[PDB]
Structures are given as structure tokens and as C-alpha cells.
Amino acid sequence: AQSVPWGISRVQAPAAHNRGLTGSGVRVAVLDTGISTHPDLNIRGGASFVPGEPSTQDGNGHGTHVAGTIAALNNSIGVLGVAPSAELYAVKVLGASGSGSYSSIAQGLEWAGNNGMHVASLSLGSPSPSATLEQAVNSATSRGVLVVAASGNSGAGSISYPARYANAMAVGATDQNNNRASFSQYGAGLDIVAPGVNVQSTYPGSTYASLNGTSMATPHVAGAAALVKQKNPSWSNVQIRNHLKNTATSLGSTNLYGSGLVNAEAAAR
């Protein structure tokens, strides 16, 4: 039996599924610790930018979990992604420890723009800016990539980098009560929020796990962007971004939630 994690229903993905919008033909790069082979995922390819870890398999668990929120297959097992037919690419920029350099991240962004990705999902935020990171976010954007980045988990009233850059769509996290998760960074530049607490998804070892963080919120938005792209193949990254913000569910404070809660079914109708 397939279960639908609460965040998946919270964003109204199933209603878009019923209308035929599944992410078909949309290319999504997961910039994270890698993605492990799993019965509920279909990995199309990828690259590793982590010295010493040449494989795109996941040695941490984070990248596999993020991937599942985006595109766990719609079938009789496991979970269900926002965009179950999306074309998933594993872009390993974080080593098994869960950390990486500004230069491996930057190389992963360049990779996405150079290989025609439509969406790039970045889970890690840094407290300090990086001219290298900023260049990479701009380059991917000009090559038509929608860069979706986590706001960060410090609980502070300002957002991490690269989420803070103008060309990155910054995503915070809500809890099951639609309130701001305690750790979710907010403030200037926050574009939207999605579920980030108690998120069940795919995990190495052909299993499932629940994790918390802004990196769990991010894939919900990347997945929603893939449904919009499928519905509107001629739209640009900027059109998609603006349409997601415009169809988001207002939660109140723009400081805490930006445009509000992503709504996959309102964005894709």
C-alpha cells in the first residue's frame, strides 16, 4: 500500500494528479547528498561534484528523502511525490557528512543550467554570502533554471544564502497546524512556505523515514513548480515562480510566510 504523507495532501498535489498533471517531461535536479536507488524512485541520471565521492548514490540519507517528496512514484508502495512523473537527476554537491563547499554547490548549479534542467532544488543554506554561489545562481537562472532554496534552520528572522539572493526562490517550513516551524528562517526575501515537519519520504535501504527541516519544505515547492511547467511548457522560470507566489494560500504575515502556503492545485489549474 501506498500512503500519501500529510504535506503532499496539504499542498493539494492529488487534485492536480487527478487532472493529469504529474510532472511529466519536467527535468528536476536535486542538489544534495546524492539519491540512492529505491523501489519508489526513478533516477534519470546525475553527476557528483564531491571530491572522493564519485558516485551519485546517497551516503547520508538527506538527498534520497528530498527526492521522494518531489517524485516518489505513484504506484502500490511507499509514498507519493508532488510530481510523480518528474525526471529526477541526482546532483551530488554535499558529501556523506551532509556538508559541501561553495564551489561544489556552484558546480552543481552550472551543471543544471548546462544540461537543461527546468528546476533545481537546494536544501542547504549558508549564513554568509558567497560571490561564487551568487554567480552560479545567476548563471543557472539565465539558462532557464528555476532555483528553489531552503531558507535555513536557525530560527532567525533573516534568511540563509543562497535563498537570500534575488534569483533563488526561498522556501520556509510550516508545521501540521500551518504555523511557522520553530526552526524555519524567515524575513526579507522569503518567497513561500511548505510543509517541513514530520515529513515521511524515501530513504536509503529501500525504506522510509520522517525528517524535519526547511530542506523538507523545499522539494514540495520544486514539485509544485514541475506541475506548473507541465501545464505551461512555454513559461519561463520567472513566470512559474510568480504564479506559485500568486496562487499560494495566505497564512497571514508576509514576514513569516512570504506569499503563503504553496497550493499545487491552484497553481496548476
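From 1 onward, residues are counted along the sequence shown.
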query	finding
Entry-level comparison of average CA B-factors, 48-56 and 208-216, reporting the higher stretch	48-56
Average Cα temperature factor in the PDB entry - higher stretch of 127-135, 108-116	127-135
Options 152, 95, 196, 81 - largest CA temperature factor per the record	95
Assigned third (lowest, middle, highest) for the C-alpha B factor of residue 228	middle
Position of residue 260 among the chain's modelled residues by C-alpha B-factor, lowest, middle or highest third	lowest
Where the record places residue 184 (Cα B-factor, split into thirds across the chain)	lowest
Modelled-residue ranking by C-alpha temperature factor, third containing residue 239	highest
Chain third (lowest, middle, highest) by recorded CA B-factor, residue given as residue 36	middle
